[PDB]
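*Asks:* Every letter in the sequence shown is one number past the one before it in the deposited numbering, and letter 90, counting from 1, is 90.
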Amino acid sequence: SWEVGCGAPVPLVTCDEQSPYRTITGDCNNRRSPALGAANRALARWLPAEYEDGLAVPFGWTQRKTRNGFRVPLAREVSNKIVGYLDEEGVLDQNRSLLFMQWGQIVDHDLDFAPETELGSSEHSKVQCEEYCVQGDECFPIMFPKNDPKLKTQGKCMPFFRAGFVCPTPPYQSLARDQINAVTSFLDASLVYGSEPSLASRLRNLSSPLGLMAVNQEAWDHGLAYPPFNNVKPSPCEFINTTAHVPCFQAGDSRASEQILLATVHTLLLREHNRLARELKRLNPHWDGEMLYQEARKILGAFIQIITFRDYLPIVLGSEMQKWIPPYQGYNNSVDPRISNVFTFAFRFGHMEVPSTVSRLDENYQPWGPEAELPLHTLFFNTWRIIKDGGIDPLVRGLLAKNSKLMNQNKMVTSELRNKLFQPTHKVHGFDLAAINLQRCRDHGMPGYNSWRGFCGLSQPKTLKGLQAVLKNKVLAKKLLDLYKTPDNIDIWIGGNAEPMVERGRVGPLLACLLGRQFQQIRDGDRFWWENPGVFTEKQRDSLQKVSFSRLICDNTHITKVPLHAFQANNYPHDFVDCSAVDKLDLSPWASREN
Ligand code: HEM
Ligand SMILES: *[C@@H]1O[C@H](CO)[C@@H](O[C@@H]2O[C@H](CO)[C@@H](O[C@@H]3O[C@H](CO)[C@@H](O)[C@H](O)[C@@H]3O)[C@H](O)[C@H]2NC(C)=O)[C@H](O)[C@H]1NC(C)=O
Ligand SMILES: *[C@@H]1O[C@H](CO)[C@@H](O[C@@H]2O[C@H](CO)[C@@H](O[C@H]3O[C@H](CO)[C@@H](O)[C@H](O)[C@@H]3O)[C@H](O)[C@H]2NC(C)=O)[C@H](O)[C@H]1NC(C)=O
Ligand SMILES: *[C@@H]1O[C@H](CO)[C@@H](O[C@@H]2O[C@H](CO)[C@@H](O[C@H]3O[C@H](CO)[C@@H](O)[C@H](O)[C@@H]3O)[C@H](O)[C@H]2NC(C)=O)[C@H](O)[C@H]1NC(C)=O
Ligand SMILES: *[C@@H]1O[C@H](CO)[C@@H](O[C@@H]2O[C@H](CO)[C@@H](O)[C@H](O)[C@H]2NC(C)=O)[C@H](O)[C@H]1NC(C)=O
Ligand SMILES: [Ca+2]
Numbered sequence: 001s002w003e004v005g006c007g008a009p010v011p012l013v014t015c016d017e018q019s020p021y022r023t024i025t026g027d028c029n030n031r032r033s034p035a036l037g038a039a040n041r042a043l044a045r046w047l048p049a050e051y052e053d054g055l056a057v058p059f060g061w062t063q064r065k066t067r068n069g070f071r072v073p074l075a076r077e078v079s080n081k082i083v084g085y086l087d088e089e090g091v092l093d094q095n096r097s098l099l100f101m102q103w104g105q106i107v108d109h110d111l112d113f114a115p116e117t118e119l120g121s122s123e124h125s126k127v128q129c130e131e132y133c134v135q136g137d138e139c140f141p142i143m144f145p146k147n148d149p150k151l152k153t154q155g156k157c158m159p160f161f162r163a164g165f166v167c168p169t170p171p172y173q174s175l176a177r178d179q180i181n182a183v184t185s186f187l188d189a190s191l192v193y194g195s196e197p198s199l200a201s202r203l204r205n206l207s208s209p210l211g212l213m214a215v216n217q218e219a220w221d222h223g224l225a226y227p228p229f230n231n232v233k234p235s236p237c238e239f240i241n242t243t244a245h246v247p248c249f250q251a252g253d254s255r256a257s258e259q260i261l262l263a264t265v266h267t268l269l270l271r272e273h274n275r276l277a278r279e280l281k282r283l284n285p286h287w288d289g290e291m292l293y294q295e296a297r298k299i300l301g302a303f304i305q306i307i308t309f310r311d312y313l314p315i316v317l318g319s320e321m322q323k324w325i326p327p328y329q330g331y332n333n334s335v336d337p338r339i340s341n342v343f344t345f346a347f348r349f350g351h352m353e354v355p356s357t358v359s360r361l362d363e364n365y366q367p368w369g370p371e372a373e374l375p376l377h378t379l380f381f382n383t384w385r386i387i388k389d390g391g392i393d394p395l396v397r398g399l400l401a402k403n404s405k406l407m408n409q410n411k412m413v414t415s416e417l418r419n420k421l422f423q424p425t426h427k428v429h430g431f432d433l434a435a436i437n438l439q440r441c442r443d444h445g446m447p448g449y450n451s452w453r454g455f456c457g458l459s460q461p462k463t464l465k466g467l468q469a470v471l472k473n474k475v476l477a478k479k480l481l482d483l484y485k486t487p488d489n490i491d492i493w494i495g496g497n498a499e500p501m502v503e504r505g506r507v508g509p510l511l512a513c514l515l516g517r518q519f520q521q522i523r524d525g526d527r528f529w530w531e532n533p534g535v536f537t538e539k540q541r542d543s544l545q546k547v548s549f550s551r552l553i554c555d556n557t558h559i560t561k562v563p564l565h566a567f568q569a570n571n572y573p574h575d576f577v578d579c580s581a582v583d584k585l586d587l588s589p590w591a592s593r594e595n
């Protein structure tokens, strides 16, 4: 191979070798090999990178060059022809709450993040992309095909920059380009506590010995907290409503303010940390703040794991769950916990569950106001609707009462995500998330749909007749191939999401596999998975078995009517009950006595 020890990590980090707490950066989880699963490292590769120069140039970069004898189809075209649909009627999920879509993006944000490239503190190359669509170094533009309404309106392309890579950041030239995972790989509530030591500190209230997370000093939501503002200008959140002046929130994960519902659950989490930290200083008055913070951060992680694996995953993989995530058997130090590259494209299945509108219900779960239901696009980096229009209570009820959008072969990604996405750097509400995933698949060097089919031991459709067989849909299989010319070339994201859904789950054969084994590895290769003997005392686990997101809401809001099973479609009021019916997380077990 090229080099066993490359990498520009958060230098200098030695293992406390017996401390009952995870490191903020993920180091020292695995004793034998320390950086396994730590942040700011190359995503893991399950199959060899497929680049045009076999080395780092994306398929679709030069245009005399082909992929298996054919030209790859323009990202935006695959979008226009396959992804979009017009009639939003009937795409809702009869059995999944918006929360279902919402949790997915939290976990995800906890497990991976491949940043973009800058190396420009005061650039014009940033501009050559934006204004000229000049494909060159770190700029890999998304051109618009013939007859795209976006030409008459936006220009010739949608600016797009390549993800960040390893050994350096500047040009570079050796072993197949690998992308960076800026966040730790373990399900450990990092979107909340940060991945860099530097940032993890700034988020804490080190002004008092209480292990509390720093909160907003400028605004309150009925006496309850909000995250603090990211007082860095220029801010996206500000730009969307000049008059309002309300900046983005600041959490352990930078994508925290991308959309209104996501900030909401970020708040509920920040809120739960401090509540835990307080319940613990009432119980263990002698604890210093560091033990508070840590102890709390430990419960929280346990929280995100139990919810994710007990309640979320089973309705995602369905009949395919046990085939991939068999019951726990203990820590396996020989398992690579690292998040793979393809995983970051397989978990995107979620983009197809985002409905076109966000609602705010009042206390009777009735429409809240004259502008209760809003277009999803007016909510990207919209923080001012939280702070200045109800707080998070109205939105938390939308999550529990409203449904998620169901993945459909003829209605894939809502046009609010595929025609009007707002990207923090740019100004217009005209990006296409469908095209973006597709250029990114290519940016990361993903091998085609068939290699993955194979990788997972599934039939490798080579023909129209075969593809048809796999998708149970003659028309999609035909549009697919008229564009790709061969099933070997279909991009993992679109090919993956096009399959029908396995039984009782929400994703098909190939994604069940991909998602299936990643989660199996991060659970089996985490020295701190809550069930692994040693991490939590027997008694402590017995209360942790009782957490529920519904409780998370009850203890951290003023919603008082909640469903018992928040991930499935519940109606109001038949399915809602009083918070008192919801079991609480008893922390007595954390009580520590001196003598
Ligand atoms: C309205 C809701 C959502 C919006 C507006 C949104 C937006 C975005 C955007 C703009 C990107 C950057 C893509 C790129 O540059 O390559 C992204 C990436 C991603 N999204 Fe979505 N997303 C949403 C929901 C979800 C959901 C529900 C899931 C999963 C269940 C999900 C999973 C992912 C993953 C895994 C990435 C790449 C993360 C990384 O490796 O950096 N997203 N999203
Ligand atoms: C930018 O953000 C500001 C929020 O700071 C938005 O201003 C708000 O606009 C509405 C009018 O459409 C004001 O509400 C009105 O008064 C009461 C509600 O308080 C209601 O009974 C009326 O029917 C009407 O809704 C609201 O008070 C006002 N906020 C202030 C003080 O400026 C503005 O609409 C946003 N504009 C953009 C650029 O999207
Ligand atoms: C809407 O989604 C609900 C969430 O999955 C689902 O509830 C599920 O109900 C079935 C009832 O059979 C449970 O499945 C298990 O049922 C028994 C256990 O008593 C077993 O013998 C079966 O083999 C099976 O494993 C699920 O546990 C339960 N889901 C959860 C996690 O609460 C509803 O059935 C769905 N409603 C519709 C409209 O189909
Ligand atoms: C860091 O932690 C500090 C202590 O936990 C916290 O100080 C306390 O902040 C709360 C809310 O800002 C204040 O509580 C209430 O004070 C009066 C009560 O008479 C109310 O009228 C106010 O509206 C407010 O809600 C406390 O006064 C304050 N306590 C102390 C010790 O001064 C800081 O706010 C925290 N800072 C950060 C960045 O999180
Ligand atoms: C830990 O998990 C690993 C990987 O899944 C298991 O290793 C297997 O070990 C057998 C020999 O005992 C080898 O033939 C394979 O290379 C491994 N299987 C695979 C597919 O990786 C191991 O069984 C687990 N360790 C323990 C003690 O539970
Ligand atoms: Ca993590």
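From the three backbone atoms N, C-alpha and C, an ideal C-beta is built for every residue, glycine too.
Would you check if there are 3 or more beta carbon pairs closer than 8 Å linking the segment 364-372 to the segment 408-416?
*Replies:* no
*Asks:* Taking all protein chains shown into account, do 16 or more other C-beta atoms lie within 10 angstroms of the C-beta of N231, making it buried, or fewer, making it exposed?
*Replies:* exposed
*Asks:* I want to check one thing, is the minimum distance from the CB of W384 to the heavy atoms of ligand 2 below 6 Å?
*Replies:* yes
*Asks:* Whose CA, out of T463, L203 and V166, lies closest to the CA of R297?
*Replies:* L203
*Asks:* Among the residues of its own chain, which have a CB less than 6 Å from the CB of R504, if the five just before and after it don't count?
*Replies:* Answer for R504: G318 and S319, listed in chain order.
*Asks:* Shorter than 6 Å, the distance from the beta carbon of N332 to the closest heavy atom of ligand 5, or not?
*Replies:* With a cut-off of 6 Å, the C-beta of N332 is classified as near ligand 5, since at least one heavy atom of the ligand falls inside that distance.
*Asks:* Any chance the segment 40-47 sits against the segment 140-160, with 3 or more Cβ pairs inside 8 Å?
*Replies:* no
*Asks:* Output the distance between the C-alpha atoms of residue 601 and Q423, rounded to the nearest integer angstrom.
*Replies:* An answer regarding residue 601 cannot be provided, because it is not within the stretch 1 to 595 covered by the chain.
*Asks:* Should the segment 188-196 be regarded as contacting the segment 45-54, the criterion being three or more beta carbon pairs within less than 8 Å?
*Replies:* no
*Asks:* Nearest to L210 by alpha carbon, out of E295, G84 and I304?
*Replies:* Among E295, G84 and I304, the Cα nearest to that of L210 is on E295.
*Asks:* Which runs of the alpha helix (DSSP H) spanning at least 4 residues fall entirely within the segment 32-90, listed in chain order?
*Replies:* Complete alpha helix (DSSP H) runs here, min 4: 75-78.
*Asks:* State the start and end residues of the unbroken beta strand (DSSP E) segment that holds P563.
*Replies:* Annotation: the continuous beta strand (DSSP E) that includes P563 extends over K561 to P563.
*Asks:* With 16 as the cutoff for other CB atoms within 10 Å, does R64 come out buried or exposed?
*Replies:* Exposed: under 16 other Cβ atoms inside 10 Å.
*Asks:* With DSSP as the reference, identify every bridge partner of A163, one or two as the case may be.
*Replies:* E116
*Asks:* Measure the Cβ-Cβ separation of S548 and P589 and say whether it is below 7 Å.
*Replies:* no
*Asks:* Answer yes or no: do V246 and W384 have a C-beta to C-beta separation smaller than 7 Å?
*Replies:* yes
*Asks:* Just verifying my parser: in three-state terms, what is the DSSP assignment at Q250?
*Replies:* coil
*Asks:* Would the beta-carbon of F567 fall within 7 Å of that of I325?
*Replies:* no
*Asks:* Within the present structure, is the beta-carbon of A200 separated from the nearest heavy atom of ligand 4 by less than 6 Å?
*Replies:* Checking every heavy atom of ligand 4 against the Cβ of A200, none is found closer than 6 Å.
*Asks:* What does DSSP give as the partner residues of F431 in its beta bridges?
*Replies:* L421
*Asks:* Tell me whether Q259 sits in a helix, a strand or coil according to DSSP, three-state version.
*Replies:* coil
*Asks:* Can you say whether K281 is buried or exposed, counting buried as having 16 or more other CB atoms within 10 angstroms of its CB?
*Replies:* With 16 or more Cβ atoms within 10 Å of its Cβ, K281 is classed as buried.
*Asks:* Does the distance from the C-beta atom of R418 to that of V83 stay below 7 Å?
*Replies:* yes
*Asks:* Under a Cβ-count criterion, where at least 16 other Cβ atoms within 10 Å of its own Cβ denotes burial, should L261 be classed as buried or exposed?
*Replies:* buried
*Asks:* Rank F59, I180 and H109 by C-alpha distance to the C-alpha of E116 and give the top, closest one.
*Replies:* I180
*Asks:* Sort out for me which residues DSSP pairs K405 with in a bridge.
*Replies:* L92
*Asks:* Do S122 and ligand 4 come close, with the Cβ less than 6 Å from some heavy atom?
*Replies:* No - ligand 4 has no heavy atom lying nearer than 6 Å to the Cβ of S122.
*Asks:* Roughly how many angstroms separate the alpha carbons of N437 and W220, rounded to a whole number?
*Replies:* 37 Å
*Asks:* Considering only DSSP beta bridges, list what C157 is partnered with.
*Replies:* Answer is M143, bridged to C157.
*Asks:* Relative to ligand 4, is the shortest distance from any of its heavy atoms to the C-beta of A214 smaller than 6 Å?
*Replies:* yes
*Asks:* For ligand 2, list every residue whose C-beta falls under 5 Å from any of its heavy atoms, going in chain order.
*Replies:* Having a Cβ closer than 5 Å to some heavy atom of ligand 2 are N241, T243, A244 and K388.
*Asks:* Among the residues of its own chain, which have a CB less than 7 Å from the CB of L433, if the five just before and after it don't count?
*Replies:* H351, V413, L417, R418 and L421
*Asks:* Residues bridged to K152 by DSSP?
*Replies:* Its beta-bridge partners do not exist; DSSP assigns none.
*Asks:* Taking the alpha-carbon of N473 as reference, which of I553, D482 and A498 has the nearest alpha-carbon?
*Replies:* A498
*Asks:* Spell out the partners DSSP gives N181 in its beta bridges.
*Replies:* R41
*Asks:* Going by DSSP, name the residue or residues bridged to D221.
*Replies:* DSSP, once it has assigned bridges, lists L224 as partnering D221.
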